[PDB]
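K.L.:
Contents of coords02.txt (compact mmCIF, C-alpha atoms) are given next:
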# COMPACT_ATOMS: atom_id res chain seq x y z
CA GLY M 212 -2.94 -9.28 -76.56
CA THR M 213 -3.72 -12.63 -78.04
CA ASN M 214 -6.60 -13.95 -80.14
CA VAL M 215 -8.72 -16.03 -77.84
CA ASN M 216 -11.49 -17.20 -80.19
CA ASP M 217 -10.57 -20.74 -79.11
CA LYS M 218 -11.63 -19.79 -75.55
CA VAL M 219 -14.87 -17.99 -76.33
CA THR M 220 -18.14 -19.73 -77.14
CA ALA M 221 -21.20 -18.00 -78.45
CA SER M 222 -24.68 -19.41 -77.91
CA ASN M 223 -28.36 -18.68 -78.57
CA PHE M 224 -27.64 -16.82 -81.70
CA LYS M 225 -30.56 -14.92 -83.27
CA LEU M 226 -31.19 -13.05 -86.49
CA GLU M 227 -34.10 -10.68 -86.01
CA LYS M 228 -35.34 -10.80 -89.61
CA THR M 229 -34.22 -12.76 -92.69
CA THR M 230 -36.14 -11.02 -95.49
CA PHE M 231 -36.09 -7.28 -96.14
CA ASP M 232 -35.76 -4.39 -98.63
CA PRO M 233 -32.46 -2.43 -98.20
CA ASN M 234 -33.85 0.18 -100.64
CA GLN M 235 -36.59 1.04 -98.07
CA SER M 236 -34.26 1.10 -95.07
CA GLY M 237 -34.58 -2.68 -94.47
CA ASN M 238 -32.03 -4.10 -92.05
CA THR M 239 -31.64 -6.74 -89.37
CA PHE M 240 -29.87 -7.53 -86.09
CA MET M 241 -27.81 -10.34 -84.69
CA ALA M 242 -27.84 -11.19 -81.02
CA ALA M 243 -25.88 -13.67 -78.95
CA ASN M 244 -24.68 -14.70 -75.53
CA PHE M 245 -21.08 -15.71 -75.11
CA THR M 246 -19.07 -17.27 -72.36
CA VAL M 247 -15.31 -17.29 -71.84
CA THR M 248 -14.30 -20.88 -71.18
CA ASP M 249 -10.76 -20.17 -69.90
CA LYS M 250 -8.60 -17.50 -68.19
CA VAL M 251 -8.08 -14.56 -70.54
CA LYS M 252 -6.20 -11.35 -69.95
CA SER M 253 -7.02 -7.69 -70.49
CA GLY M 254 -6.21 -6.86 -74.14
CA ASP M 255 -7.02 -10.36 -75.42
CA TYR M 256 -9.76 -10.46 -78.06
CA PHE M 257 -12.22 -12.49 -80.04
CA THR M 258 -13.76 -11.68 -83.42
CA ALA M 259 -16.96 -12.00 -85.46
CA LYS M 260 -16.57 -12.27 -89.21
CA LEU M 261 -19.44 -11.37 -91.58
CA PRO M 262 -20.06 -13.17 -94.91
CA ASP M 263 -20.20 -11.67 -98.38
CA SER M 264 -23.88 -10.82 -98.16
CA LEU M 265 -23.65 -8.63 -95.01
CA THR M 266 -21.94 -5.48 -93.66
CA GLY M 267 -21.96 -4.05 -90.15
CA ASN M 268 -22.17 -0.40 -91.31
CA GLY M 269 -24.77 -0.35 -94.11
CA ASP M 270 -25.21 3.10 -95.60
CA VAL M 271 -22.99 4.79 -93.02
CA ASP M 272 -19.56 5.39 -94.53
CA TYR M 273 -16.44 5.22 -92.37
CA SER M 274 -13.87 5.83 -95.04
CA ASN M 275 -13.04 9.17 -93.29
CA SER M 276 -12.53 7.40 -89.92
CA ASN M 277 -9.69 5.10 -90.91
CA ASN M 278 -12.29 2.82 -92.34
CA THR M 279 -13.13 1.66 -88.84
CA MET M 280 -16.53 1.74 -87.27
CA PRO M 281 -16.88 2.40 -83.50
CA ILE M 282 -19.18 -0.04 -81.71
CA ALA M 283 -20.90 0.31 -78.31
CA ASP M 284 -19.10 -1.37 -75.40
CA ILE M 285 -19.85 -5.04 -74.85
CA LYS M 286 -21.50 -5.70 -71.51
CA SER M 287 -21.14 -8.54 -69.03
CA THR M 288 -24.38 -10.16 -67.78
CA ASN M 289 -23.77 -8.04 -64.64
CA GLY M 290 -24.08 -4.77 -66.58
CA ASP M 291 -20.39 -3.77 -66.52
CA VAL M 292 -18.26 -3.41 -69.59
CA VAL M 293 -16.48 -6.59 -70.51
CA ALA M 294 -14.90 -5.52 -73.86
CA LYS M 295 -14.35 -2.54 -76.20
CA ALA M 296 -15.53 -3.11 -79.75
CA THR M 297 -14.77 -1.87 -83.27
CA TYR M 298 -15.79 -3.08 -86.69
CA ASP M 299 -13.27 -3.17 -89.53
CA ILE M 300 -14.87 -2.31 -92.89
CA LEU M 301 -12.23 -3.93 -95.11
CA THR M 302 -12.23 -7.31 -93.38
CA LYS M 303 -15.92 -7.08 -92.26
CA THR M 304 -14.75 -8.18 -88.84
CA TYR M 305 -15.75 -7.11 -85.34
CA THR M 306 -12.90 -7.19 -82.81
CA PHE M 307 -13.97 -7.38 -79.14
CA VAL M 308 -11.02 -6.46 -76.88
CA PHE M 309 -11.47 -7.52 -73.25
CA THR M 310 -10.91 -4.75 -70.66
CA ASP M 311 -9.40 -5.02 -67.15
CA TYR M 312 -12.81 -6.46 -66.21
CA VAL M 313 -11.58 -10.01 -66.95
CA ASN M 314 -8.48 -9.84 -64.69
CA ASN M 315 -10.28 -10.87 -61.50
CA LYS M 316 -12.98 -13.26 -62.72
CA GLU M 317 -13.92 -16.75 -63.92
CA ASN M 318 -17.16 -17.94 -65.51
CA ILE M 319 -17.34 -14.75 -67.61
CA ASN M 320 -20.69 -14.36 -69.42
CA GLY M 321 -21.78 -11.48 -71.65
CA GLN M 322 -23.93 -10.81 -74.66
CA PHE M 323 -24.20 -8.49 -77.61
CA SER M 324 -26.76 -7.27 -80.11
CA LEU M 325 -25.59 -5.79 -83.46
CA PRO M 326 -27.38 -4.29 -86.45
CA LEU M 327 -26.67 -5.90 -89.80
CA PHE M 328 -27.23 -4.58 -93.31
CA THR M 329 -26.85 -5.76 -96.86
CA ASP M 330 -23.57 -5.57 -98.70
CA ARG M 331 -24.73 -3.59 -101.73
CA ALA M 332 -21.60 -4.51 -103.68
CA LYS M 333 -21.58 -8.29 -103.03
CA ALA M 334 -25.33 -8.81 -102.99
CA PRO M 335 -26.15 -6.44 -105.92
CA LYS M 336 -29.31 -8.31 -107.10
CA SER M 337 -32.59 -9.22 -105.42
CA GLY M 338 -32.55 -12.84 -104.31
CA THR M 339 -31.55 -15.17 -101.51
CA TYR M 340 -28.01 -15.40 -100.21
CA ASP M 341 -26.14 -17.44 -97.66
CA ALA M 342 -25.44 -15.40 -94.54
CA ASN M 343 -23.24 -17.62 -92.41
CA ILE M 344 -21.67 -15.74 -89.56
CA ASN M 345 -18.44 -16.69 -87.81
CA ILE M 346 -18.42 -15.82 -84.09
CA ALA M 347 -15.36 -16.84 -82.05
CA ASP M 348 -14.46 -19.35 -84.72
CA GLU M 349 -17.87 -20.98 -84.94
CA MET M 350 -20.40 -20.87 -87.75
CA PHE M 351 -23.97 -19.74 -87.25
CA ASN M 352 -25.72 -20.40 -90.51
CA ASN M 353 -28.51 -18.36 -92.13
CA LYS M 354 -30.17 -17.50 -95.44
CA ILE M 355 -31.07 -13.92 -96.25
CA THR M 356 -33.42 -12.63 -98.87
CA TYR M 357 -33.15 -9.14 -100.29
CA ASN M 358 -36.17 -7.80 -102.13
CA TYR M 359 -34.65 -4.54 -103.35
CA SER M 360 -37.24 -1.99 -104.50
CA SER M 361 -36.37 -1.75 -108.15
CA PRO M 362 -34.25 1.19 -109.30
CA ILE M 363 -36.09 0.88 -112.64
CA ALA M 364 -38.84 3.48 -112.26
CA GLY M 365 -40.59 6.22 -114.20
CA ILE M 366 -43.58 7.41 -116.21
CA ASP M 367 -45.21 4.39 -117.78
CA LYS M 368 -44.75 5.53 -121.41
CA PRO M 369 -42.10 4.39 -124.01
CA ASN M 370 -40.94 8.03 -124.15
CA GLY M 371 -41.42 8.94 -120.47
CA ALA M 372 -39.08 10.50 -117.96
CA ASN M 373 -37.51 7.82 -115.78
CA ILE M 374 -34.75 8.03 -113.13
CA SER M 375 -33.94 6.90 -109.58
CA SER M 376 -31.14 7.27 -107.01
CA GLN M 377 -30.07 6.01 -103.54
CA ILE M 378 -27.75 7.42 -100.91
CA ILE M 379 -25.40 4.53 -100.16
CA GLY M 380 -22.82 6.29 -97.95
CA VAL M 381 -23.14 8.99 -95.30
CA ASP M 382 -20.14 9.98 -93.21
CA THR M 383 -21.69 10.75 -89.82
CA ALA M 384 -18.51 10.39 -87.72
CA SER M 385 -15.55 12.31 -89.09
CA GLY M 386 -17.01 15.82 -89.23
CA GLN M 387 -16.23 16.16 -92.97
CA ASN M 388 -19.92 15.41 -93.68
CA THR M 389 -19.60 13.62 -97.02
CA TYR M 390 -22.09 11.41 -98.83
CA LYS M 391 -22.16 9.07 -101.81
CA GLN M 392 -25.20 8.75 -104.05
CA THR M 393 -25.83 6.69 -107.18
CA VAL M 394 -28.24 8.06 -109.74
CA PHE M 395 -29.46 5.91 -112.61
CA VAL M 396 -30.50 8.22 -115.49
CA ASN M 397 -32.89 6.59 -118.03
CA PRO M 398 -32.73 3.09 -116.43
CA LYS M 399 -35.50 2.08 -118.85
CA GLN M 400 -33.11 2.96 -121.67
CA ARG M 401 -35.76 4.78 -123.67
CA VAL M 402 -35.11 7.11 -126.61
CA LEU M 403 -35.47 10.60 -125.16
CA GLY M 404 -35.06 14.20 -126.37
CA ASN M 405 -33.82 17.41 -124.75
CA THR M 406 -33.25 15.48 -121.51
CA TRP M 407 -32.40 17.43 -118.36
CA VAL M 408 -31.46 15.94 -114.97
CA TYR M 409 -31.56 17.89 -111.71
CA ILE M 410 -29.84 16.75 -108.59
CA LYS M 411 -31.19 18.60 -105.56
CA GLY M 412 -29.85 18.71 -102.02
CA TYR M 413 -33.40 18.99 -100.70
CA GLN M 414 -36.96 17.85 -101.58
CA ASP M 415 -39.85 20.32 -101.28
CA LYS M 416 -38.38 22.79 -98.77
CA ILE M 417 -34.74 23.84 -98.88
CA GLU M 418 -34.59 24.55 -95.12
CA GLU M 419 -35.66 21.02 -94.22
CA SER M 420 -32.57 19.34 -95.63
CA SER M 421 -28.90 19.42 -94.61
CA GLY M 422 -28.03 18.70 -98.24
CA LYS M 423 -25.50 21.02 -99.83
CA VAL M 424 -25.18 20.82 -103.62
CA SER M 425 -22.94 23.37 -105.39
CA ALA M 426 -19.92 23.69 -107.63
CA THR M 427 -17.55 23.42 -104.63
CA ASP M 428 -19.58 20.93 -102.55
CA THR M 429 -20.35 18.32 -105.23
CA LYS M 430 -18.42 16.18 -107.64
CA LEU M 431 -20.12 14.29 -110.40
CA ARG M 432 -18.92 11.42 -112.53
CA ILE M 433 -21.08 10.31 -115.40
CA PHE M 434 -20.98 6.91 -117.12
CA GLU M 435 -22.54 5.49 -120.23
CA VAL M 436 -23.90 2.03 -119.46
CA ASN M 437 -23.17 -0.71 -121.95
CA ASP M 438 -25.25 -3.70 -120.84
CA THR M 439 -28.11 -2.44 -118.67
CA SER M 440 -29.00 -5.93 -117.41
CA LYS M 441 -25.77 -5.94 -115.35
CA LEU M 442 -26.76 -2.85 -113.31
CA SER M 443 -27.34 -3.37 -109.61
CA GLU M 444 -30.55 -3.19 -107.67
CA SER M 445 -28.60 -2.33 -104.63
CA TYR M 446 -27.45 0.92 -106.36
CA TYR M 447 -23.88 -0.12 -105.95
CA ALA M 448 -21.82 0.97 -108.97
CA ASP M 449 -18.07 0.55 -109.40
CA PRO M 450 -16.71 3.49 -111.55
CA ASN M 451 -13.93 1.13 -112.81
CA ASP M 452 -16.39 -1.45 -114.07
CA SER M 453 -15.80 -2.18 -117.74
CA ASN M 454 -19.57 -2.28 -118.34
CA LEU M 455 -19.41 1.50 -117.76
CA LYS M 456 -17.74 3.99 -120.08
CA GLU M 457 -16.86 7.23 -118.29
CA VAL M 458 -17.95 10.32 -120.14
CA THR M 459 -17.45 12.90 -117.38
CA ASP M 460 -15.09 14.98 -119.55
CA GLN M 461 -17.69 15.25 -122.28
CA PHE M 462 -19.98 16.79 -119.65
CA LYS M 463 -17.60 19.43 -118.41
CA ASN M 464 -19.81 22.04 -120.08
CA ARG M 465 -23.17 20.28 -119.75
CA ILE M 466 -23.32 20.77 -115.93
CA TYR M 467 -24.65 23.96 -114.42
CA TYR M 468 -25.19 25.32 -110.96
CA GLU M 469 -27.95 27.79 -111.81
CA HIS M 470 -30.20 27.32 -108.71
CA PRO M 471 -29.60 27.06 -104.95
CA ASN M 472 -28.79 23.53 -103.89
CA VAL M 473 -29.30 22.10 -107.39
CA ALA M 474 -26.98 20.61 -110.02
CA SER M 475 -28.50 20.75 -113.51
CA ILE M 476 -27.24 18.38 -116.14
CA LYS M 477 -27.98 18.66 -119.82
CA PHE M 478 -28.18 15.15 -121.20
CA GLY M 479 -29.82 16.13 -124.52
CA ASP M 480 -31.02 13.47 -126.93
CA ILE M 481 -30.11 10.08 -125.46
CA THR M 482 -30.62 6.39 -126.16
CA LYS M 483 -28.55 4.93 -123.31
CA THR M 484 -28.73 4.46 -119.56
CA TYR M 485 -26.28 6.55 -117.54
CA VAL M 486 -24.84 6.22 -114.07
CA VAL M 487 -24.19 9.48 -112.22
CA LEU M 488 -21.93 9.01 -109.19
CA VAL M 489 -22.37 11.81 -106.75
CA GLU M 490 -19.98 12.84 -103.98
CA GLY M 491 -21.62 15.46 -101.83
CA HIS M 492 -21.56 17.24 -98.50
CA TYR M 493 -24.23 18.11 -95.97
CA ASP M 494 -24.35 20.99 -93.47
CA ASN M 495 -24.19 21.10 -89.63
CA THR M 496 -27.84 21.83 -88.79
CA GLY M 497 -28.57 18.24 -87.73
CA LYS M 498 -31.30 17.99 -90.36
CA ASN M 499 -31.96 14.88 -92.36
CA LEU M 500 -30.20 14.63 -95.66
CA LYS M 501 -33.10 14.69 -98.13
CA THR M 502 -32.48 14.66 -101.83
CA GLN M 503 -34.51 14.64 -104.96
CA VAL M 504 -33.52 13.80 -108.51
CA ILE M 505 -35.64 14.90 -111.45
CA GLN M 506 -35.57 13.99 -115.12
CA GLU M 507 -37.59 15.84 -117.76
CA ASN M 508 -37.62 15.36 -121.47
CA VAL M 509 -39.70 15.23 -124.63
CA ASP M 510 -40.23 12.75 -127.47
CA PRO M 511 -37.07 12.88 -129.61
CA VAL M 512 -39.13 12.59 -132.84
CA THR M 513 -41.97 15.11 -132.30
CA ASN M 514 -40.52 17.23 -129.44
CA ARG M 515 -43.91 16.93 -127.74
CA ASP M 516 -45.17 14.41 -125.12
CA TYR M 517 -43.30 16.22 -122.39
CA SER M 518 -42.82 14.24 -119.15
CA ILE M 519 -41.19 14.69 -115.78
CA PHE M 520 -40.26 12.20 -113.05
CA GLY M 521 -38.80 12.66 -109.59
CA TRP M 522 -37.25 10.45 -106.95
CA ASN M 523 -36.74 11.11 -103.23
CA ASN M 524 -33.97 9.89 -100.90
CA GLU M 525 -33.59 10.33 -97.14
CA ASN M 526 -31.02 9.20 -94.67
CA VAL M 527 -30.39 10.68 -91.20
CA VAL M 528 -27.24 12.83 -90.85
CA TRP W 335 -41.42 14.82 -108.62
CA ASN W 336 -42.04 12.32 -105.77
CA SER W 337 -41.54 8.51 -105.67
CA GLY W 338 -39.03 7.26 -103.12
CA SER W 339 -36.07 5.20 -101.94
CA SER W 340 -34.40 4.92 -98.50
CA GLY W 341 -31.15 3.65 -96.99
CA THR W 342 -30.07 2.43 -93.57
CA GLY W 343 -26.80 2.14 -91.71
CA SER W 344 -25.23 2.06 -88.31
CA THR W 345 -23.61 4.71 -86.19
CA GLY W 346 -22.18 2.10 -83.73
Rewrite the structure of this file - the entire thing - as structure tokens.

P.N.:
Amino acid sequence: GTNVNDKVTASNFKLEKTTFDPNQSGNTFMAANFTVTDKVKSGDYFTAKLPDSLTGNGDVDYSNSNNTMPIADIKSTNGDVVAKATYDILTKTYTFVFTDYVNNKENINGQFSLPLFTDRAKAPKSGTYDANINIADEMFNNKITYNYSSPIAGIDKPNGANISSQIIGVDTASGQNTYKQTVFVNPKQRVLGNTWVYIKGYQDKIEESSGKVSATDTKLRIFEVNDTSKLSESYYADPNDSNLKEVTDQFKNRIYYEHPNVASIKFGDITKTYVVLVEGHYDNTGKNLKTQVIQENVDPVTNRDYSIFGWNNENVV
Amino acid sequence: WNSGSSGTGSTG
């Protein structure tokens, strides 16, 4: 079929919300009517192209589904399906392919409503971004403000436990049940002794989470951070970033699976911030994926002043 | 053991 953006016009475009916190499940929606201004055929299509600051999938990962996100059928004003839809993750583009519906009609009107999320990689810091959206080769301009809850959290003491994490990818479609999670260890970059980090696949009750953390279910990569001021607030973290120095190999014997659904990591005496990239799995119970990361340590000088800090995450499976 | 952070995405 042929690209018919030049025959499709979108109108009364709306963004539901233009300020939100993607670290507390903030998101938005775009809505629009569209009308087909000329004869189009079944299999012809128009597109919507998202800007740097947005994604159509958010924290749902489609890398195990050909990197393509299924989208609910587009309806005509009369309630029937006018087009099949998919969202391409790489090009951040929705493709709406007209069905046989259009073969017998003129004056075709429809409408769509689509959730929108931050792009944690391209909008890694809190602030205001352009969010200009291209529908059927027309711009609909917007500004978006992300107030990311800060990943920099912990006990308010110069020697206190401090750590946070965020689940930034859950594969809900393929059946493989994978997830991606970024953990910042010591984001305050304090001087800490006998530091231990625990990555749990549950929070308080093990049977209330689909999380599955074990030596066969979980892979960890650990990075020493060079310049902490370049770390994201979105929790996005590129393992090939030169501001990170991988030290996974040096941890081959500092990682233990001593308890059910928990990875224990022996950081020891540290003076740096670390990034722990987690690749996990969750089970088939239908339960929410709840996680909890815990850091405990002492004062590196006196070995006293013990502190512990914990951080919860939760995404639906 | 208990401050918090949450994500959001779409299932299409």

K.L.:
CA of residue 392 (chain M) and CA of residue 341 (chain M), how far apart in Å?

P.N.:
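Separation of CA of residue 341 (chain M) and CA of residue 392 (chain M): 27.0 Å.
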
K.L.:
Would you mind listing, as number ranges by chain, all residues of chain M that have at least one atom within 8 Å of chain W, where all atoms listed in the file are what counts?

P.N.:
M: 233-238, 267-271, 280-283, 326, 328, 360, 376-379, 383-384, 503-505, 519-526

K.L.:
In Å to one decimal, how far is CA of residue 444 (chain M) from CA of residue 358 (chain M)?

P.N.:
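Those two atoms sit 9.1 Å apart.
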
K.L.:
Using CA of residue 299 (chain M) and CA of residue 314 (chain M) as the two end points, give the distance in Å to one decimal.

P.N.:
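Separation between CA of residue 299 (chain M) and CA of residue 314 (chain M): 26.2 Å.
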
K.L.:
Determine, counting all atoms listed in the file, which protein, DNA and RNA residues have an atom within 6 Å of an atom of residue 404 (chain M); residues of the same chain fewer than 3 positions away are not included. Present the result as a VMD selection string.

P.N.:
chain M and resid 479 to 480 508 to 511

K.L.:
If I put a ball of radius 6 Å at (-22.3, -2.1, -112.4) in the file's coordinates, which residues poke into it when counting all atoms listed in the file, written as a VMD selection string?

P.N.:
chain M and resid 441 to 443 448 to 449

K.L.:
Per residue of region 342-393 of chain M within 10 Å of region 241-250 of chain M, which atom pair is closest and at what distance in Å (one decimal), using only C-alpha atoms, listed by chain and increasing number, as a Markdown table?

P.N.:
| residue | atom | partner | partner_atom | distance |
| --- | --- | --- | --- | --- |
| M:344 | CA | M:241 | CA | 9.5 |
| M:346 | CA | M:243 | CA | 9.3 |
| M:347 | CA | M:245 | CA | 9.1 |
